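In what follows, one protein chain appears twice in different forms, each by itself as structure tokens: structure 1 and structure 2.
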Structure 1
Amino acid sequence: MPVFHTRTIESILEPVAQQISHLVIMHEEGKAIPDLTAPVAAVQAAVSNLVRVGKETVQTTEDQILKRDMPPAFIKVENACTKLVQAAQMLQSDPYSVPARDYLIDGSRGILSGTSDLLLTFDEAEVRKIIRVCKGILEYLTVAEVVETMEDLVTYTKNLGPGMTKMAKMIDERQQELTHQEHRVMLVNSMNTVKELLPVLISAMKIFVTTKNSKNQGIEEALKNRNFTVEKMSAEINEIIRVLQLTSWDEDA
């Protein structure tokens, strides 16, 4: 179903393709299996760490798709790993055994597909997490309009600052992960404008509060400047969301 992945997932899943191509051959192509107790112990250690980290994410996540789609993959990896462990124990008796062989093939296949499914499910939840932050900043930008005091401006700026920092970090990490260079350009340029307009917003709000209280002219020019900055910043954040949605959109709709 998914054609493109991030530069990270493509690199992690690059060797996996050839691994599966070899594992799928085994059923068609003497015996003597060399021990395999130590390499299987490493898989169990690796699998348990992945399932642990995975289960921590499912427990701490806000995402219902993740909470639903991730746990079946742990089971798929755990069942396949117990097959590798079961296989290693019957090879202790005699390395020349056909039932132990089938358990090794289905074990490795079941782990590889399971971890690739787990990774894709996780990255899909991550892009959703980035879209939620962006939308959150959008909503908080609409609040600038009610700020009419120095106390509220401090409150506002101290609430907006971390969100802007969280979003900027997310977008820098994300753009560096994309394979479409023109998509990266759209995200960097949009995030550049937001980063550049953020002190402009504060300056405009500061002029508005100082003119409001106190007193009179020019509240219209200050208002105009604040509203424009919010509108331009909002249009750019929406540009970021839309680029991220072009890529990530899944069924239905």
Structure 2
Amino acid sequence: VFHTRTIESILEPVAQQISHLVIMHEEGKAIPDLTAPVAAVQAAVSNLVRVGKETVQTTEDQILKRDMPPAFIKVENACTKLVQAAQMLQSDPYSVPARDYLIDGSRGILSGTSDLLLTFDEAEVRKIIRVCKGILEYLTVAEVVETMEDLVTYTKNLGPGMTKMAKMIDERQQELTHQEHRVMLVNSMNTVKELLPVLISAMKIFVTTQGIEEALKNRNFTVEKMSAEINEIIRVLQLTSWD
């Protein structure tokens, strides 16, 4: 239901209670005084909005500056509906709009916290994508390597770059809830790592060499296969649904 184990742990217990509450209200007693638990919701919302507003002002990521403020409004407005429901139930424990204001307030808080969490996740995924694109671009440089000096420089750059990408993917896949997505990330990453020494070997033969056309074909083939896997990783990293 939630694509990462952080979002799942945080939201799924509360998302299940809200669904249940909606089903109960549809088919179907006095609601007790909700003053103390609503105040706890208010104190948490106030902290989230204050810290959130501070992030909006300091960040350089224009997407956060754009997507975070509407989500705050969503959580703030939903909290206002919750504060109204508790004030209604204190005066009337059998109140009808109070039960609707609780549902509306719960839905809105979950909606806004979901938006916030998804926005933070898209931002982390953008960071991984930048590292992937970096590798893709460095794979395009392979075709201009003509000498052993260049091969040594290329190998010293690509080697650590691949290790950082492999570590980012390994850590991202552990965090995912859907198995089909984890398998695709692991499979593609393994192929990339396996084909890297094969690329360096193909380029060594090219630096060594009719005969040139064969060594060039194999180097271009490896870059093509590695590039296709990297572009598949970029695609899979952006998936939030279904399998």
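Numbering runs along the sequence of structure 1, starting at 1. Note that the rigid core is defined as the largest set of C-alphas that superpose within 1.5 Å between two forms.
**OP:** Take the rigid core as the frame of reference and indicate whether the C-alpha of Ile9 shifts by 2 Å or more between the two structures.
**Re:** Shift at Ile9: 2 Å or more after core fit.
After a rigid core superposition, would you say the CA of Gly161 moves by 2 angstroms or more between the two structures, or not? False for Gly161: its C-alpha shift is below 2 Å.
Superposing on the rigid core, is the Cα displacement of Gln89 between the two structures 2 Å or more? Comparing forms between the two structures, the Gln89 CA shifts at least 2 Å.
| After fitting the core, how far does the CA of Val127 move between the two structures, in Å? | Its C-alpha position differs by 1.3 Å.
- Where the core is superposed, what shift in Å does the CA of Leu244 undergo between the two structures? That residue's C-alpha is offset by 0.9 Å.
Angstrom shift of the Cα atom of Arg109 between the two structures (superposition on rigid core): Its C-alpha moves by 15.4 Å once the cores are overlaid.
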